[PDB]
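In: Just to be clear, this is only the beginning of the complex, oriented as in the whole thing:
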Amino acid sequence: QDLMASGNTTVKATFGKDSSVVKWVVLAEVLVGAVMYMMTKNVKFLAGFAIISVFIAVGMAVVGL
Amino acid sequence: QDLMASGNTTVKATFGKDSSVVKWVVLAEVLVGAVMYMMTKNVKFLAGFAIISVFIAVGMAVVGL
Amino acid sequence: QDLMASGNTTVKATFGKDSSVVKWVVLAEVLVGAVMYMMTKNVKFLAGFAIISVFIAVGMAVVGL
Amino acid sequence: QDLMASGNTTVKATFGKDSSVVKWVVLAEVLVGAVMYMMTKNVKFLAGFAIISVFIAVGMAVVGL
Amino acid sequence: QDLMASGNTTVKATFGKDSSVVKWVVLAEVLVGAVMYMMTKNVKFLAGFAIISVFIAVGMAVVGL
Amino acid sequence: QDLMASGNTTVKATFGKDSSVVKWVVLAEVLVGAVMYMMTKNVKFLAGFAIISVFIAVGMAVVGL
Amino acid sequence: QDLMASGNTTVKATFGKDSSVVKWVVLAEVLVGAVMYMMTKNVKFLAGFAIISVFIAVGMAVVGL
Amino acid sequence: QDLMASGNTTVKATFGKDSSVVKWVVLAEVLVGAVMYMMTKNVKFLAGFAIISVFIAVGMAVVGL
Amino acid sequence: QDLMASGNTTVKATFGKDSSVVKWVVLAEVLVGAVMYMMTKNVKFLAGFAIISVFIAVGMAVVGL
Amino acid sequence: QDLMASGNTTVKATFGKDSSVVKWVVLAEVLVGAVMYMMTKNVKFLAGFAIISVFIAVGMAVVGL
Amino acid sequence: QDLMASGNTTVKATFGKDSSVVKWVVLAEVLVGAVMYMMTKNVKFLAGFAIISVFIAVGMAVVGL
Amino acid sequence: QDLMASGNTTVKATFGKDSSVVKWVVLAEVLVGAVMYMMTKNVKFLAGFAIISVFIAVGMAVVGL
Amino acid sequence: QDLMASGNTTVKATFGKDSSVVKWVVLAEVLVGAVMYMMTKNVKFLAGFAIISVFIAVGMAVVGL
Amino acid sequence: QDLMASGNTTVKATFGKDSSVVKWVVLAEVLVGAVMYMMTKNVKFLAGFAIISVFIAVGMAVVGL
Amino acid sequence: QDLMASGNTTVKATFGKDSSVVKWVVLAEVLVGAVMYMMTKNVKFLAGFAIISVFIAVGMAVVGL
Amino acid sequence: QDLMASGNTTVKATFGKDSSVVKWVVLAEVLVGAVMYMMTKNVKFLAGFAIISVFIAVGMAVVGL
Amino acid sequence: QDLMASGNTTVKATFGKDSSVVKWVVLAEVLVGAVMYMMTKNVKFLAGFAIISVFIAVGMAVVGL
């Protein structure tokens, strides 16, 4: 029949590829990496900056409801 | 005779390989891992991202009602 | 529907390309590098000085809500 | 809205192009270089003496709140 | 009809975006983070300082009675 | 109506920008950093010395009851 | 009203610009630096010797209850 | 009131300008330098021999309880 | 009228600023810290040594019956 | 009246400036430091050797029943 | 009265200036230093060889029960 | 009484001036120095060859149980 | 009988010699090595570039489901 | 008689030398090592790659039901 | 089946032979080498300038998704 | 799709054939060479003076975004 | 009378200076040290190899029922 947890899925809107929360993540990510680099002065922290984004993309693309 | 817990199995629809709940899981999984990585900056948390999915797949394939 | 974490986004104002915090970062960055150079006397630490800025720019441009 | 870290920015006064701290830096810089030269007797250490200053200037000019 | 728990909602006044309690929270938050940093000397604890505030804001904005 | 946790706010006097406790913090902060430097002999620990102060200032300015 | 942590401030006497503890610090500082130099034979460790003192002075002057 | 770490200051006697420990330092200092010179045959190591002494003197004179 | 738990307050004598128990506390405190330092060899445990004392003082001064 | 935990204070005799236990502490302290130095070959561990002693002294002098 | 940890002090015999354990220490100390020198070929490790001994002596002389 | 670590001292036999281990040391010492000289062709490595031996001798003579 | 984890093995497709993930690896590998070389200017980092590939190949060939 | 846990031993099929799961292991093993090497650039992680395999082999050969 | 990390591969666009990032690399490479040469005045640093490019080319050609 | 690091490329403006930084380089290059020649009085240091320029040119021409 | 835990003391036979278990210990000890050295290539792990043995000996000699 109907799976009862169905419907809704503003969950998607909530978490969607376009969503506040998503944008939140990389934001602080951008920060801390930039932060960390001051401390470290190593080239490390600029990756998931891009990577998590596409990482986000793929899993979002993977699941995407 | 008839096992009385039988019938129904919208349970399947509820939990099925295609189900809200399933999609829910990996979603937050994608999140927390991405979250964790900001904190950790270790390559760890991108696995069950894929793995749990196929892990889901196999057990779902294992049982599948 | 409406993703509930939406609205607000003074978060943007908070973290925006024009924001206090952003300006904070490079500031101390300028410092420590200048600091470090006294110790090191190597040409190293003048990069993210510029780079993080454009690094900031791109990610800000990448996400930008 | 209002980014909450805003206001204040005696931070600027604290770190500004005219600030104690800034003047502190080059001071010791002048020292150690002069110090180092006694040891080294190489022409090295008189640079950021001027350079960091303009380096300070540019980043200060770069960010400048 | 009338939901009996209704009325009142000095609860709001009690817990509102403007309320003592709210202000209480971030206060001690400011403290402990500043406290922690002495111990840790890591850049960690200055976040919910801002973040919880907007976190407060959003949930307050989310529910807001 | 009246939020019951209201009134009082000697809490402010207790924790205010001018308060014992506040002054307590930076004090020990000054100490441990000076302490740490003996051990480390790195330029690290003189920051929140100033920074926490303005950090205190801003959050105090942020909330300030 | 009265902030309860107030009064006392033999804390000041305890930690004051004139205090045992303060004098303790630079003392061992003088030692270890002199110690270190034997090992290192680098001109490094004679700084906070003076610097921490004025560093002490400023923060003491900064807070000073 | 009375700073509790006060009194005592056999600490002074312990570490004083006249103290065993002080005399200990320069002693081994004299040694290692003389030692080092055998290896190095450079004129380096005869400095803090005198210098640390006056260095000791000044900091001792600086703090001197 | 008369609060029945009143009178007595040898409780004070029992717990007073001058009391056995009070003196007991810091004693073992002195011990364990000294103990701990052997294990740790970190400068940590000498604080409440002084601090708890004044901490004791203030709360004692705070309440003091 | 009489604070009941009073009397006794063989506790003092037990823990006193002259006591077995006290002497016990520095003993093992002397050991482990000497031990550690074999491993480390750093000049670190000879401090509380003297310091804890006077540290003991002061707190003992601080409290001293 | 009598401090209960008193008596015994075969502890002394155990750890005394003449004791097995004491002799144990310098022994391995002699070894590792001699060991280390093979690796290092630096004049470092022959010190506490003598020094710890007198270091032992003094602390033993310091405490000596 | 009796220090419990006493007795035994086949430890001596184990490590004694006449012991396998002792002889082991200088052996490899002889080797590596001879080895090193091939590489270096400097007169360096023939010292503790003799020196460690007498170094061994003295410390052995120093402690010698 | 049938091993239940069997079937599936899109795992292979997932991780196969031809797979996204595989290609991902060497990619970043190419990067970081090229990155590192800028810093190091040593010939080091161009190996697993080729090597991991054949390393991948062999293990893939080793297991290959 | 018959040990009741007997029979079955599709467990073997499940875990056998030829089994999905087994192949799973080394797979990710191949990955992480290759992964790690990018980070480390040390020759470490290519061992159990082969070794665990034969390690698997032996224990499998050891037990093998 | 379908390897879930598949699709996407704007990763390619991201990192492709034609990509911003790629161009970024050699750029700074050109810089630092030119920089280094001022310091060194050795012919060293003009290699990966060309070499990394073809190095990039080959690995890109090697993997190229 | 769109490579996310794209756009921006004021990076070019930043580092372009016409850019401050570029002009900076050769400047100091001109200096140090002229400097060096005083010391050396060898004809060496006038090369990258021209050469780096065309070296700059070619790599700039090579990459040029 | 008779202490009831008495008798038995095959415990001795179990744990005695000659016992399986004892021999077990040093065995694995020999292993891991030899193991560790491969990893470390430091001279560390060959000690309790001998030492624990005599350590065993002494405690065994100490207690020995």
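Out: Ah, there it is. Residues are numbered from 1 along each chain as shown, chains lettered A, B, ... in the order given.
In: Starting from chain O, give me the distance back to residue A:15.
Out: 18 Å (Cβ to the nearest Cβ, to the nearest Å). C-betas here are computed from N, CA, C, even on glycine.
In: Report whether the expected contact of that residue with residue A:21 is present.
Out: Yes. Between residue A:15 and residue A:21 there is a contact at 6.0 Å, judged by Cβ atoms under 8 Å.
In: Neighbour count: these two, which is higher?
Out: residue A:15 (22 against 14; other Cβ atoms under 10 Å in any protein chain shown).
In: Can you pull the phi and psi angles for the more buried one?
Out: Torsion angles at residue A:15 (phi, psi; degrees, to the nearest 10) stand at phi -100, psi 0.
In: how about the closest residue to chain E within chain A, what does it touch?
Out: As assessed by Cβ to the nearest Cβ, chain E sits closest to residue A:35 within chain A, at 6.0 Å. Contacts were defined as Cβ atoms under 8 Å, 6 or more residues apart in numbering or on different chains; by that measure residue A:35 touches C:25, E:43.
In: Could I get the buried residue list for the helix or strand where it lies?
Out: Counting by DSSP states H and E, the secondary-structure element that holds residue A:35 is helix A:20-40. In terms of neighbour count (16 or more other Cβ atoms under 10 Å in any protein chain shown), helix A:20-40 has its buried residues at A:20, A:22-27, A:29-38.
In: What residue in chain A comes nearest to chain N?
Out: Distance from chain N to each residue of chain A (Cβ to the nearest Cβ) is smallest for residue A:44, at 9.7 Å.
In: if I look at that residue, how far off is chain B?
Out: Counting by Cβ to the nearest Cβ, the gap from residue A:44 to chain B is 7 Å.
In: tell me the phi and psi of that residue?
Out: phi -140, psi -60.
In: looking at it, it is touching residue A:34, isn't it?
Out: No. With the criterion set as Cβ under 8 Å, residue A:44 and residue A:34 do not qualify as a contacting pair; they are 11.6 Å apart.
In: Chain R next, sequence below:
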Amino acid sequence: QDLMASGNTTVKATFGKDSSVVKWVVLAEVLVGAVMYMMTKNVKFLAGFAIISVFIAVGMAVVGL
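Out: This next block brings in chain R, placed alongside the chains you saw above:
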């Protein structure tokens, strides 16, 4: 009586001077040293190659059940 851990001692066969495991050790030892030398090009790693063997021998000879 009989120490219960007795008997067995295929443990010996397991770990004996002639045992697989033993031979395993030196094997990888031979490898890594040879490996290391490529990296280091120092004469270091050929020792326990022989030494551990006799080290094995002696401890094996020491315990040998």
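In: after the helix holding residue A:35 comes which helix or strand?
Out: Using DSSP H and E, the next helix or strand after helix A:20-40 towards the C-terminus is helix A:51-62.
In: That following helix near chain N at all?
Out: No. Using Cβ under 8 Å from any Cβ of the partner chain, helix A:51-62 never reaches chain N; the gap is at least 13.2 Å.
In: Which elements pack onto that helix?
Out: Judged by 3 or more Cβ pairs under 8 Å, 6 or more residues apart in numbering or on different chains; DSSP states H and E, helix A:51-62 is in contact with helix A:20-40, helix B:20-40, helix O:10-15.
In: Can you give the contact residues for it?
Out: Outside helix A:51-62, the residues touching it (Cβ under 8 Å, 6+ apart) are A:16-17, A:22, A:25-26, A:29, A:48, B:26, B:30, B:34, B:37, B:46, B:49-50, B:53, C:62, O:4-5, O:7-8, O:10-11, O:14, P:4.
In: in that helix, what counts as buried?
Out: Of all the residues in helix A:51-62, those buried under the rule 16+ other Cβ under 10 Å are A:51-60, A:62.
In: before we move on, what about stretch A:3-19?
Out: Neighbour-count burial for stretch A:3-19, with 16+ other Cβ under 10 Å as criterion, is recorded at A:3, A:5, A:9, A:11-16, A:19.
In: Endpoints of it, how far apart?
Out: Stretch A:3-19 has an end-to-end distance of 25 Å (criterion: Cα to Cα, to the nearest Å).
In: just to revisit the earlier point, quick one: the helix holding residue A:35 to helix C:51-62, angle?
Out: Per axes from the mean of the first three to the mean of the last three Cα atoms, to 10 degrees, the angle that helix A:20-40 makes with helix C:51-62 is 170 degrees.
In: Send over stretch A:43-51 as CSV, restricted to the C-alpha atoms.
Out: As requested, the backbone C-alpha atoms of stretch A:43-51 are provided in CSV (Å, rounded to 0.1, in the frame of the first residue of the first chain):
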residue,chain,number,x,y,z
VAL,A,43,48.2,23.2,1.9
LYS,A,44,45.6,20.9,3.2
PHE,A,45,42.3,22.4,4.0
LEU,A,46,41.1,23.5,0.6
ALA,A,47,39.6,20.3,-0.8
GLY,A,48,36.1,19.3,0.5
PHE,A,49,35.7,23.0,0.0
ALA,A,50,35.3,21.8,-3.6
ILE,A,51,35.2,18.1,-2.8
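In: Go ahead and add chain S:
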Amino acid sequence: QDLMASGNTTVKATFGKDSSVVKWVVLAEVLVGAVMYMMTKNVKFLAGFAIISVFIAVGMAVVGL
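Out: Okay, chain S now, added to the rest:
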């Protein structure tokens, strides 16, 4: 009895005097040395080229299972 790690020893085949891996080693060894010589132009790196081989031989001959 039977040492359980026994049997197998395709380990030998794996690592044997004739084995892939062995041949792998010297190969890259040949490379890097030839590589290094370009950089160094010293006669150094052609040794273990031959030496490791016989070094391999001896240890292989030493252990050889």
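In: Now residue A:21. Nearest residue, chain neighbours left out?
Out: The shortest distance from residue A:21 to any non-neighbouring residue, by Cβ to Cβ, 6 or more residues apart in numbering or on different chains, is to residue C:5 (5.1 Å).
In: so who does the one you found touch?
Out: Taking Cβ under 8 Å, 6+ apart, we find residue C:5 in contact with A:14, A:19-21, A:24, E:58.
In: Farthest pair within those?
Out: Between all members of those, the longest pairwise span (Cβ to Cβ) is found for A:19 and E:58 and amounts to 13.2 Å.
In: so which residue of chain A comes closest to chain D?
Out: When Cβ to the nearest Cβ is the measure, chain A has its nearest residue to chain D at residue A:31, with 12.1 Å between them.
In: so residue A:31 makes contact with residue C:11?
Out: No. Under the criterion of Cβ under 8 Å, residue A:31 is not in contact with residue C:11, lying 11.9 Å apart.
In: Please enumerate the shared neighbours of the two.
Out: Shared contacts of residue A:31 and residue C:11, counting by Cβ under 8 Å, 6+ apart, come down to nothing at all.
In: So residue A:4: helix, strand or coil?
Out: Reduced to three states with DSSP: H, G, I helix; E, B strand; the rest coil, the structure at residue A:4 is coil.
In: tell me the contacts of it?
Out: When the contact criterion is Cβ under 8 Å, 6+ apart, the partners of residue A:4 are B:10, B:14.
In: I'd like the distance from it to chain O, if you could.
Out: When distances are taken as Cβ to the nearest Cβ, residue A:4 and chain O turn out to be 27 Å apart.
In: Distance check, that residue against chain P.
Out: Distance from residue A:4 to chain P, counting by Cβ to the nearest Cβ: 37 Å.
In: Same question for residue A:36.
Out: Distance, residue A:36 to chain P, using Cβ to the nearest Cβ: 19 Å.
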